[PDB]
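Below: entry_21.pdb (PDB, N, CA and C atoms and all ligand atoms)
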```pdb
ATOM      1  N   UNK A   1      -0.979 -32.222  21.999
ATOM      2  CA  UNK A   1      -0.792 -30.766  22.093
ATOM      3  C   UNK A   1      -1.010 -30.314  23.538
ATOM      4  N   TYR A   2      -1.193 -29.011  23.725
ATOM      5  CA  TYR A   2      -1.468 -28.459  25.061
ATOM      6  C   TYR A   2      -0.413 -27.417  25.461
ATOM      7  N   UNK A   3       0.191 -26.720  24.500
ATOM      8  CA  UNK A   3       1.297 -25.799  24.831
ATOM      9  C   UNK A   3       1.308 -24.511  23.992
ATOM     10  N   UNK A   4       1.572 -24.599  22.692
ATOM     11  CA  UNK A   4       1.647 -23.383  21.861
ATOM     12  C   UNK A   4       2.660 -23.516  20.717
ATOM     13  N   UNK A   5       3.678 -22.658  20.695
ATOM     14  CA  UNK A   5       4.508 -22.487  19.491
ATOM     15  C   UNK A   5       4.665 -20.990  19.214
ATOM     16  N   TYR A   6       4.819 -20.611  17.951
ATOM     17  CA  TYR A   6       4.815 -21.578  16.842
ATOM     18  C   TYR A   6       6.249 -21.720  16.334
ATOM     19  N   UNK A   7       6.633 -22.946  15.997
ATOM     20  CA  UNK A   7       8.037 -23.297  15.757
ATOM     21  C   UNK A   7       8.383 -23.119  14.276
TER      22      UNK A   7
ATOM     23  N   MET B   1      21.405   4.753   4.838
ATOM     24  CA  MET B   1      20.868   4.277   3.568
ATOM     25  C   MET B   1      19.343   4.296   3.564
ATOM     26  N   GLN B   2      18.760   4.229   2.371
ATOM     27  CA  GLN B   2      17.311   4.274   2.222
ATOM     28  C   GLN B   2      16.782   2.990   1.593
ATOM     29  N   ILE B   3      15.659   2.503   2.109
ATOM     30  CA  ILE B   3      15.027   1.304   1.572
ATOM     31  C   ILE B   3      13.556   1.570   1.270
ATOM     32  N   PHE B   4      12.938   0.672   0.511
ATOM     33  CA  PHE B   4      11.538   0.826   0.139
ATOM     34  C   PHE B   4      10.716  -0.381   0.562
ATOM     35  N   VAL B   5       9.508  -0.125   1.049
ATOM     36  CA  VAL B   5       8.624  -1.196   1.483
ATOM     37  C   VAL B   5       7.374  -1.241   0.618
ATOM     38  N   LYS B   6       7.391  -2.095  -0.398
ATOM     39  CA  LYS B   6       6.233  -2.261  -1.265
ATOM     40  C   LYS B   6       5.250  -3.216  -0.606
ATOM     41  N   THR B   7       3.967  -2.881  -0.673
ATOM     42  CA  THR B   7       2.949  -3.655   0.022
ATOM     43  C   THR B   7       1.953  -4.304  -0.934
ATOM     44  N   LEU B   8       0.999  -5.037  -0.367
ATOM     45  CA  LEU B   8      -0.045  -5.691  -1.147
ATOM     46  C   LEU B   8      -0.921  -4.649  -1.832
ATOM     47  N   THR B   9      -1.173  -3.549  -1.129
ATOM     48  CA  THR B   9      -1.965  -2.450  -1.668
ATOM     49  C   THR B   9      -1.289  -1.868  -2.906
ATOM     50  N   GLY B  10       0.019  -2.081  -3.013
ATOM     51  CA  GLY B  10       0.788  -1.590  -4.141
ATOM     52  C   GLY B  10       1.368  -0.212  -3.893
ATOM     53  N   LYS B  11       1.348   0.216  -2.634
ATOM     54  CA  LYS B  11       1.838   1.540  -2.276
ATOM     55  C   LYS B  11       3.247   1.467  -1.709
ATOM     56  N   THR B  12       4.198   2.038  -2.438
ATOM     57  CA  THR B  12       5.596   2.027  -2.025
ATOM     58  C   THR B  12       5.883   3.115  -0.997
ATOM     59  N   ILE B  13       6.444   2.717   0.140
ATOM     60  CA  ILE B  13       6.766   3.663   1.198
ATOM     61  C   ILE B  13       8.272   3.790   1.383
ATOM     62  N   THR B  14       8.753   5.029   1.417
ATOM     63  CA  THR B  14      10.181   5.297   1.542
ATOM     64  C   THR B  14      10.618   5.347   3.001
ATOM     65  N   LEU B  15      11.382   4.344   3.419
ATOM     66  CA  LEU B  15      11.894   4.307   4.781
ATOM     67  C   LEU B  15      13.364   4.708   4.835
ATOM     68  N   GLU B  16      13.746   5.376   5.918
ATOM     69  CA  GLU B  16      15.124   5.810   6.099
ATOM     70  C   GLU B  16      15.755   5.101   7.291
ATOM     71  N   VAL B  17      16.613   4.130   7.004
ATOM     72  CA  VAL B  17      17.189   3.292   8.043
ATOM     73  C   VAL B  17      18.708   3.344   8.055
ATOM     74  N   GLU B  18      19.300   2.528   8.921
ATOM     75  CA  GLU B  18      20.747   2.416   9.021
ATOM     76  C   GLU B  18      21.134   0.943   9.032
ATOM     77  N   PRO B  19      22.390   0.642   8.671
ATOM     78  CA  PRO B  19      22.886  -0.738   8.641
ATOM     79  C   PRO B  19      22.775  -1.428   9.998
ATOM     80  N   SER B  20      22.655  -0.641  11.062
ATOM     81  CA  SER B  20      22.629  -1.187  12.413
ATOM     82  C   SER B  20      21.213  -1.483  12.903
ATOM     83  N   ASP B  21      20.232  -0.759  12.373
ATOM     84  CA  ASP B  21      18.841  -0.959  12.769
ATOM     85  C   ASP B  21      18.405  -2.403  12.539
ATOM     86  N   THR B  22      17.811  -3.010  13.557
ATOM     87  CA  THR B  22      17.313  -4.372  13.435
ATOM     88  C   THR B  22      16.047  -4.395  12.590
ATOM     89  N   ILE B  23      15.701  -5.568  12.072
ATOM     90  CA  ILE B  23      14.498  -5.718  11.262
ATOM     91  C   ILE B  23      13.267  -5.205  11.998
ATOM     92  N   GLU B  24      13.201  -5.465  13.299
ATOM     93  CA  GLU B  24      12.047  -5.060  14.090
ATOM     94  C   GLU B  24      11.933  -3.541  14.173
ATOM     95  N   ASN B  25      13.077  -2.864  14.212
ATOM     96  CA  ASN B  25      13.094  -1.408  14.210
ATOM     97  C   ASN B  25      12.494  -0.866  12.920
ATOM     98  N   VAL B  26      12.817  -1.518  11.808
ATOM     99  CA  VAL B  26      12.246  -1.158  10.518
ATOM    100  C   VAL B  26      10.732  -1.304  10.558
ATOM    101  N   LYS B  27      10.270  -2.469  11.003
ATOM    102  CA  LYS B  27       8.842  -2.739  11.115
ATOM    103  C   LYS B  27       8.153  -1.687  11.970
ATOM    104  N   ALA B  28       8.838  -1.250  13.019
ATOM    105  CA  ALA B  28       8.283  -0.259  13.927
ATOM    106  C   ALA B  28       8.296   1.130  13.300
ATOM    107  N   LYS B  29       9.268   1.378  12.428
ATOM    108  CA  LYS B  29       9.341   2.647  11.710
ATOM    109  C   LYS B  29       8.111   2.839  10.830
ATOM    110  N   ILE B  30       7.493   1.727  10.447
ATOM    111  CA  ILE B  30       6.272   1.760   9.654
ATOM    112  C   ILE B  30       5.086   2.127  10.535
ATOM    113  N   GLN B  31       5.167   1.750  11.805
ATOM    114  CA  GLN B  31       4.122   2.086  12.760
ATOM    115  C   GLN B  31       4.098   3.592  13.012
ATOM    116  N   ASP B  32       5.195   4.260  12.679
ATOM    117  CA  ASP B  32       5.294   5.701  12.871
ATOM    118  C   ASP B  32       4.817   6.452  11.635
ATOM    119  N   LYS B  33       4.915   5.809  10.476
ATOM    120  CA  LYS B  33       4.525   6.445   9.225
ATOM    121  C   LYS B  33       3.073   6.143   8.869
ATOM    122  N   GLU B  34       2.618   4.943   9.211
ATOM    123  CA  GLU B  34       1.274   4.516   8.842
ATOM    124  C   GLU B  34       0.398   4.195  10.047
ATOM    125  N   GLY B  35       0.974   3.526  11.039
ATOM    126  CA  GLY B  35       0.236   3.158  12.235
ATOM    127  C   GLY B  35       0.015   1.663  12.321
ATOM    128  N   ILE B  36       0.564   0.939  11.354
ATOM    129  CA  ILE B  36       0.444  -0.511  11.324
ATOM    130  C   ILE B  36       1.229  -1.132  12.468
ATOM    131  N   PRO B  37       0.556  -1.947  13.290
ATOM    132  CA  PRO B  37       1.219  -2.656  14.389
ATOM    133  C   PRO B  37       2.337  -3.548  13.864
ATOM    134  N   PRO B  38       3.537  -3.425  14.447
ATOM    135  CA  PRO B  38       4.697  -4.228  14.046
ATOM    136  C   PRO B  38       4.422  -5.718  14.203
ATOM    137  N   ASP B  39       3.609  -6.067  15.193
ATOM    138  CA  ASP B  39       3.283  -7.460  15.464
ATOM    139  C   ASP B  39       2.362  -8.051  14.402
ATOM    140  N   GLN B  40       2.082  -7.272  13.363
ATOM    141  CA  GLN B  40       1.214  -7.732  12.287
ATOM    142  C   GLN B  40       1.905  -7.626  10.933
ATOM    143  N   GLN B  41       3.212  -7.394  10.957
ATOM    144  CA  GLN B  41       3.967  -7.201   9.726
ATOM    145  C   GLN B  41       4.908  -8.366   9.451
ATOM    146  N   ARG B  42       5.020  -8.739   8.181
ATOM    147  CA  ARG B  42       6.002  -9.732   7.759
ATOM    148  C   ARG B  42       6.759  -9.260   6.522
ATOM    149  N   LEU B  43       7.963  -8.746   6.743
ATOM    150  CA  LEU B  43       8.786  -8.235   5.661
ATOM    151  C   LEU B  43       9.451  -9.364   4.890
ATOM    152  N   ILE B  44       9.132  -9.456   3.606
ATOM    153  CA  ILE B  44       9.760 -10.435   2.734
ATOM    154  C   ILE B  44      10.769  -9.742   1.831
ATOM    155  N   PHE B  45      11.900 -10.398   1.608
ATOM    156  CA  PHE B  45      12.930  -9.859   0.734
ATOM    157  C   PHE B  45      13.797 -10.977   0.182
ATOM    158  N   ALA B  46      14.012 -10.959  -1.128
ATOM    159  CA  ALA B  46      14.793 -11.998  -1.779
ATOM    160  C   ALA B  46      14.227 -13.367  -1.429
ATOM    161  N   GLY B  47      12.912 -13.501  -1.554
ATOM    162  CA  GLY B  47      12.236 -14.753  -1.272
ATOM    163  C   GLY B  47      12.526 -15.297   0.113
ATOM    164  N   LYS B  48      12.864 -14.410   1.043
ATOM    165  CA  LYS B  48      13.138 -14.824   2.414
ATOM    166  C   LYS B  48      12.271 -14.081   3.427
ATOM    167  N   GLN B  49      11.772 -14.817   4.414
ATOM    168  CA  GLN B  49      10.970 -14.232   5.479
ATOM    169  C   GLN B  49      11.884 -13.670   6.563
ATOM    170  N   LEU B  50      12.219 -12.389   6.447
ATOM    171  CA  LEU B  50      13.174 -11.754   7.354
ATOM    172  C   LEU B  50      12.803 -11.921   8.828
ATOM    173  N   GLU B  51      13.770 -12.363   9.631
ATOM    174  CA  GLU B  51      13.565 -12.542  11.066
ATOM    175  C   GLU B  51      13.523 -11.192  11.775
ATOM    176  N   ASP B  52      12.886 -11.161  12.941
ATOM    177  CA  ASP B  52      12.741  -9.931  13.711
ATOM    178  C   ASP B  52      14.067  -9.474  14.320
ATOM    179  N   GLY B  53      14.685 -10.346  15.108
ATOM    180  CA  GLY B  53      15.938 -10.020  15.765
ATOM    181  C   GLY B  53      17.140 -10.265  14.876
ATOM    182  N   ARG B  54      17.396  -9.326  13.969
ATOM    183  CA  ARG B  54      18.514  -9.437  13.039
ATOM    184  C   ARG B  54      18.628  -8.167  12.206
ATOM    185  N   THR B  55      19.818  -7.577  12.172
ATOM    186  CA  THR B  55      20.020  -6.323  11.452
ATOM    187  C   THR B  55      19.921  -6.509   9.943
ATOM    188  N   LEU B  56      20.019  -5.404   9.212
ATOM    189  CA  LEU B  56      19.962  -5.435   7.757
ATOM    190  C   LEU B  56      21.255  -6.003   7.191
ATOM    191  N   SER B  57      22.373  -5.606   7.789
ATOM    192  CA  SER B  57      23.689  -6.037   7.336
ATOM    193  C   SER B  57      23.802  -7.557   7.316
ATOM    194  N   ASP B  58      23.117  -8.212   8.246
ATOM    195  CA  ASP B  58      23.116  -9.669   8.305
ATOM    196  C   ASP B  58      22.513 -10.259   7.037
ATOM    197  N   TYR B  59      21.617  -9.504   6.409
ATOM    198  CA  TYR B  59      20.954  -9.948   5.188
ATOM    199  C   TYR B  59      21.608  -9.341   3.951
ATOM    200  N   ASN B  60      22.667  -8.569   4.170
ATOM    201  CA  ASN B  60      23.389  -7.926   3.081
ATOM    202  C   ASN B  60      22.488  -7.005   2.259
ATOM    203  N   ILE B  61      21.408  -6.536   2.877
ATOM    204  CA  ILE B  61      20.494  -5.608   2.223
ATOM    205  C   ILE B  61      21.204  -4.295   1.929
ATOM    206  N   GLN B  62      21.371  -3.989   0.647
ATOM    207  CA  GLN B  62      22.145  -2.821   0.244
ATOM    208  C   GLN B  62      21.264  -1.606  -0.016
ATOM    209  N   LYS B  63      21.902  -0.445  -0.135
ATOM    210  CA  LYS B  63      21.212   0.813  -0.403
ATOM    211  C   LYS B  63      20.188   0.674  -1.529
ATOM    212  N   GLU B  64      19.082   1.401  -1.402
ATOM    213  CA  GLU B  64      18.029   1.407  -2.413
ATOM    214  C   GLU B  64      17.490   0.008  -2.686
ATOM    215  N   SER B  65      17.072  -0.672  -1.626
ATOM    216  CA  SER B  65      16.511  -2.008  -1.750
ATOM    217  C   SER B  65      15.000  -1.961  -1.565
ATOM    218  N   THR B  66      14.315  -3.003  -2.023
ATOM    219  CA  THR B  66      12.863  -3.053  -1.927
ATOM    220  C   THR B  66      12.385  -4.309  -1.204
ATOM    221  N   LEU B  67      11.759  -4.110  -0.048
ATOM    222  CA  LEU B  67      11.200  -5.207   0.732
ATOM    223  C   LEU B  67       9.710  -5.336   0.453
ATOM    224  N   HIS B  68       9.115  -6.413   0.945
ATOM    225  CA  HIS B  68       7.693  -6.643   0.751
ATOM    226  C   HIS B  68       6.979  -6.748   2.085
ATOM    227  N   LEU B  69       5.963  -5.918   2.274
ATOM    228  CA  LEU B  69       5.186  -5.970   3.496
ATOM    229  C   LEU B  69       3.933  -6.804   3.281
ATOM    230  N   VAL B  70       3.946  -8.028   3.796
ATOM    231  CA  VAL B  70       2.768  -8.884   3.763
ATOM    232  C   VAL B  70       2.230  -9.033   5.180
ATOM    233  N   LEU B  71       1.192  -9.844   5.347
ATOM    234  CA  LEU B  71       0.652 -10.078   6.680
ATOM    235  C   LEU B  71       1.180 -11.385   7.269
ATOM    236  N   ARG B  72       1.528 -11.355   8.552
ATOM    237  CA  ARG B  72       2.055 -12.533   9.230
ATOM    238  C   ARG B  72       1.164 -13.750   9.013
ATOM    239  N   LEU B  73       1.750 -14.807   8.465
ATOM    240  CA  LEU B  73       1.049 -16.069   8.285
ATOM    241  C   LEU B  73       0.994 -16.855   9.591
ATOM    242  N   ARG B  74      -0.215 -17.126  10.077
ATOM    243  CA  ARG B  74      -0.388 -17.935  11.273
ATOM    244  C   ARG B  74       0.126 -19.336  10.987
ATOM    245  N   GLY B  75       1.197 -19.689  11.681
ATOM    246  CA  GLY B  75       1.861 -20.954  11.472
ATOM    247  C   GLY B  75       0.957 -22.099  11.845
ATOM    248  N   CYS B  76       1.218 -23.247  11.241
ATOM    249  CA  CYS B  76       0.471 -24.437  11.554
ATOM    250  C   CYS B  76       1.388 -25.384  12.319
ATOM    251  N   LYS B  77       2.660 -25.055  12.538
ATOM    252  CA  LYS B  77       3.538 -25.912  13.330
ATOM    253  C   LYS B  77       3.472 -25.560  14.810
ATOM    254  N   UNK B  78       2.970 -26.492  15.609
ATOM    255  CA  UNK B  78       2.816 -26.253  17.037
ATOM    256  C   UNK B  78       1.420 -26.644  17.483
ATOM    257  N   UNK B  79       1.110 -26.385  18.746
ATOM    258  CA  UNK B  79      -0.185 -26.763  19.287
ATOM    259  C   UNK B  79      -0.072 -27.206  20.742
TER     260      UNK B  79
HETATM  261  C1  LIG C   1      -3.825 -22.785  18.478
HETATM  262  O1  LIG C   1      -3.308 -22.195  17.263
HETATM  263  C2  LIG C   1      -3.758 -22.877  16.070
HETATM  264  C3  LIG C   1      -3.175 -22.203  14.822
HETATM  265  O2  LIG C   1      -1.747 -22.215  14.888
HETATM  266  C4  LIG C   1      -5.286 -22.860  15.995
HETATM  267  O3  LIG C   1      -5.739 -23.565  14.836
HETATM  268  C5  LIG C   1      -5.859 -23.502  17.251
HETATM  269  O4  LIG C   1      -7.284 -23.451  17.203
HETATM  270  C6  LIG C   1      -5.353 -22.725  18.456
HETATM  271  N1  LIG C   1      -5.906 -23.339  19.671
HETATM  272  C7  LIG C   1      -6.155 -22.385  20.750
HETATM  273  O5  LIG C   1      -6.631 -22.778  21.813
HETATM  274  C8  LIG C   1      -5.783 -20.904  20.572
HETATM  275  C9  LIG C   1      -5.655 -20.202  21.935
HETATM  276  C10 LIG C   1      -6.993 -20.254  22.679
HETATM  277  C11 LIG C   1      -6.915 -19.567  24.047
HETATM  278  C12 LIG C   1      -5.892 -20.231  24.974
HETATM  279  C13 LIG C   1      -5.907 -19.479  26.312
HETATM  280  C14 LIG C   1      -4.916 -20.097  27.300
HETATM  281  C15 LIG C   1      -5.290 -21.556  27.563
HETATM  282  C16 LIG C   1      -4.969 -19.325  28.618
HETATM  283  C1  LIG C   2       4.483 -19.557  14.072
HETATM  284  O1  LIG C   2       5.830 -19.908  13.849
HETATM  285  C2  LIG C   2       6.215 -19.788  12.499
HETATM  286  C3  LIG C   2       7.637 -20.319  12.350
HETATM  287  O2  LIG C   2       7.930 -20.545  10.989
HETATM  288  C4  LIG C   2       6.110 -18.333  12.053
HETATM  289  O3  LIG C   2       6.370 -18.251  10.670
HETATM  290  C5  LIG C   2       4.729 -17.753  12.337
HETATM  291  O4  LIG C   2       4.768 -16.352  12.187
HETATM  292  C6  LIG C   2       4.266 -18.086  13.748
HETATM  293  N1  LIG C   2       2.863 -17.764  13.903
HETATM  294  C7  LIG C   2       2.434 -16.989  14.893
HETATM  295  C8  LIG C   2       3.488 -16.334  15.737
HETATM  296  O5  LIG C   2       1.241 -16.806  15.123
HETATM  297  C1  LIG C   3       7.837 -28.262  19.307
HETATM  298  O1  LIG C   3       8.972 -29.144  19.204
HETATM  299  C2  LIG C   3      10.067 -28.754  20.062
HETATM  300  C3  LIG C   3      11.231 -29.739  19.897
HETATM  301  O2  LIG C   3      12.331 -29.340  20.717
HETATM  302  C4  LIG C   3       9.609 -28.720  21.524
HETATM  303  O3  LIG C   3      10.682 -28.305  22.374
HETATM  304  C5  LIG C   3       8.430 -27.771  21.661
HETATM  305  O4  LIG C   3       7.966 -27.756  23.011
HETATM  306  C6  LIG C   3       7.322 -28.252  20.740
HETATM  307  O5  LIG C   3       6.942 -29.579  21.113
END
```
Written as structure tokens, how would this file's structure read?
Ligand SMILES: *[C@@H]1O[C@H](CO)[C@@H](O)[C@H](O)[C@H]1NC(=O)CCCCCCC(C)C
Ligand SMILES: *[C@@H]1O[C@H](CO)[C@@H](O)[C@H](O)[C@H]1NC(C)=O
Ligand SMILES: *[C@H]1O[C@H](CO)[C@@H](O)[C@H](O)[C@@H]1O
Amino acid sequence: XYXXXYX
Amino acid sequence: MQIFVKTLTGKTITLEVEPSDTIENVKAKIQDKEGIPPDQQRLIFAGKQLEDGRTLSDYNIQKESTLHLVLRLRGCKXX
């Protein structure tokens, strides 16, 4: 991880 | 045309929209009637989680329809 979203 | 937004509280609210108004505009129209932040609304209709950037006509939502105002589910996809 280390980013975000949400998809 | 006119639509209805039934909520968890069970209180039906009469909204007055147009075929051109986007879903987000509808959500924001609720912020004018109640004060609920649009960024906290999730309109469900016909077992579908209506997208923000998309008009009513795209969903074929016809006159005198009833949507559901639930709370945005924090997704678990992502990180
Ligand atoms: C990310 O969202 C998940 C739910 O979808 C949570 O379970 C998870 O704990 C969240 N992790 C976070 O770090 C949330 C944001 C925390 C603040 C980030 C500030 C940035 C780095 C400037
Ligand atoms: C995360 O993305 C999903 C995509 O299905 C969405 O349903 C949910 O509202 C999002 N959660 C947020 C923006 O916190
Ligand atoms: C979720 O998955 C998509 C796949 O395209 C990535 O682009 C995104 O950054 C995240 O990993």
Reference answer for the PyMOL selection byres (((not hetatm)) within 8 of (chain C and resi 3)), as a PyMOL selection string: (chain A and resi 1+3-7) or (chain B and resi 77-79)
Gap from atom N of residue 58 of chain B to atom C of residue 28 of chain B - Å, one decimal: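 According to the coordinates, atom N of residue 58 of chain B and atom C of residue 28 of chain B are separated by 18.2 Å.
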Can you write out as JSON lines which residues of chain B fall within 9 Å of ligand LIG 2 (chain C), alongside each residue's closest atom pair and its distance in Å to one decimal, counting only C-alpha atoms and all ligand atoms and ordering rows by chain and ascending residue number?
```
{"residue": "B:39", "atom": "CA", "partner": "C:LIG2", "partner_atom": "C8", "distance": 8.9}
{"residue": "B:42", "atom": "CA", "partner": "C:LIG2", "partner_atom": "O4", "distance": 8.1}
{"residue": "B:49", "atom": "CA", "partner": "C:LIG2", "partner_atom": "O3", "distance": 8.0}
{"residue": "B:72", "atom": "CA", "partner": "C:LIG2", "partner_atom": "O4", "distance": 5.5}
{"residue": "B:73", "atom": "CA", "partner": "C:LIG2", "partner_atom": "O4", "distance": 5.4}
{"residue": "B:74", "atom": "CA", "partner": "C:LIG2", "partner_atom": "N1", "distance": 4.2}
{"residue": "B:75", "atom": "CA", "partner": "C:LIG2", "partner_atom": "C1", "distance": 3.9}
{"residue": "B:76", "atom": "CA", "partner": "C:LIG2", "partner_atom": "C1", "distance": 6.8}
{"residue": "B:77", "atom": "CA", "partner": "C:LIG2", "partner_atom": "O1", "distance": 6.4}
{"residue": "B:78", "atom": "CA", "partner": "C:LIG2", "partner_atom": "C1", "distance": 7.5}
```
Once the PyMOL selection byres (((chain B and resi 2) around 8) and not hetatm) has been applied to the shown file, what residues remain in the selection, as an mmCIF file with N, CA and C atoms, in the frame of the given file?
```
data_model
loop_
_atom_site.group_PDB
_atom_site.id
_atom_site.type_symbol
_atom_site.label_atom_id
_atom_site.label_comp_id
_atom_site.auth_asym_id
_atom_site.auth_seq_id
_atom_site.Cartn_x
_atom_site.Cartn_y
_atom_site.Cartn_z
ATOM 1 N N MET B 1 21.405 4.753 4.838
ATOM 2 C CA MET B 1 20.868 4.277 3.568
ATOM 3 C C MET B 1 19.343 4.296 3.564
ATOM 4 N N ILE B 3 15.659 2.503 2.109
ATOM 5 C CA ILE B 3 15.027 1.304 1.572
ATOM 6 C C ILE B 3 13.556 1.570 1.270
ATOM 7 N N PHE B 4 12.938 0.672 0.511
ATOM 8 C CA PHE B 4 11.538 0.826 0.139
ATOM 9 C C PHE B 4 10.716 -0.381 0.562
ATOM 10 N N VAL B 5 9.508 -0.125 1.049
ATOM 11 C CA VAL B 5 8.624 -1.196 1.483
ATOM 12 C C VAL B 5 7.374 -1.241 0.618
ATOM 13 N N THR B 14 8.753 5.029 1.417
ATOM 14 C CA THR B 14 10.181 5.297 1.542
ATOM 15 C C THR B 14 10.618 5.347 3.001
ATOM 16 N N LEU B 15 11.382 4.344 3.419
ATOM 17 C CA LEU B 15 11.894 4.307 4.781
ATOM 18 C C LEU B 15 13.364 4.708 4.835
ATOM 19 N N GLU B 16 13.746 5.376 5.918
ATOM 20 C CA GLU B 16 15.124 5.810 6.099
ATOM 21 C C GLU B 16 15.755 5.101 7.291
ATOM 22 N N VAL B 17 16.613 4.130 7.004
ATOM 23 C CA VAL B 17 17.189 3.292 8.043
ATOM 24 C C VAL B 17 18.708 3.344 8.055
ATOM 25 N N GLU B 18 19.300 2.528 8.921
ATOM 26 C CA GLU B 18 20.747 2.416 9.021
ATOM 27 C C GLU B 18 21.134 0.943 9.032
ATOM 28 N N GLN B 62 21.371 -3.989 0.647
ATOM 29 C CA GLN B 62 22.145 -2.821 0.244
ATOM 30 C C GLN B 62 21.264 -1.606 -0.016
ATOM 31 N N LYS B 63 21.902 -0.445 -0.135
ATOM 32 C CA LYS B 63 21.212 0.813 -0.403
ATOM 33 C C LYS B 63 20.188 0.674 -1.529
ATOM 34 N N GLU B 64 19.082 1.401 -1.402
ATOM 35 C CA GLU B 64 18.029 1.407 -2.413
ATOM 36 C C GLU B 64 17.490 0.008 -2.686
ATOM 37 N N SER B 65 17.072 -0.672 -1.626
ATOM 38 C CA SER B 65 16.511 -2.008 -1.750
ATOM 39 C C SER B 65 15.000 -1.961 -1.565
ATOM 40 N N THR B 66 14.315 -3.003 -2.023
ATOM 41 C CA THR B 66 12.863 -3.053 -1.927
ATOM 42 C C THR B 66 12.385 -4.309 -1.204
#
```
Could the centre and edge lengths of an axis-aligned box, enclosing all atoms of ligand LIG 1 (chain C) in the file with 8 Å extra on each side, be given in Å to one decimal as AutoDock Vina command-line options?
```
--center_x -4.5 --center_y -21.4 --center_z 21.7 --size_x 21.5 --size_y 20.2 --size_z 29.8
```
d(atom N of residue 30 of chain B, atom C13 of ligand LIG 1 (chain C)) in Å: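 Interatomic distance, atom N of residue 30 of chain B to atom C13 of ligand LIG 1 (chain C): 29.7 Å.
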Members of chain B assigned strand (DSSP E) by DSSP, as a PyMOL selection string: chain B and resi 2-7+13-16+41-45+48-49+65-71
Residues in the PyMOL selection byres (((chain B and resi 69) around 6.5) and not hetatm), expressed as a ChimeraX atom specification: /B:5-8,41-44,67-68,70-71
Atom-to-atom span, atom CA of residue 51 of chain B and atom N1 of ligand LIG 1 (chain C), Å: 23.9 Å
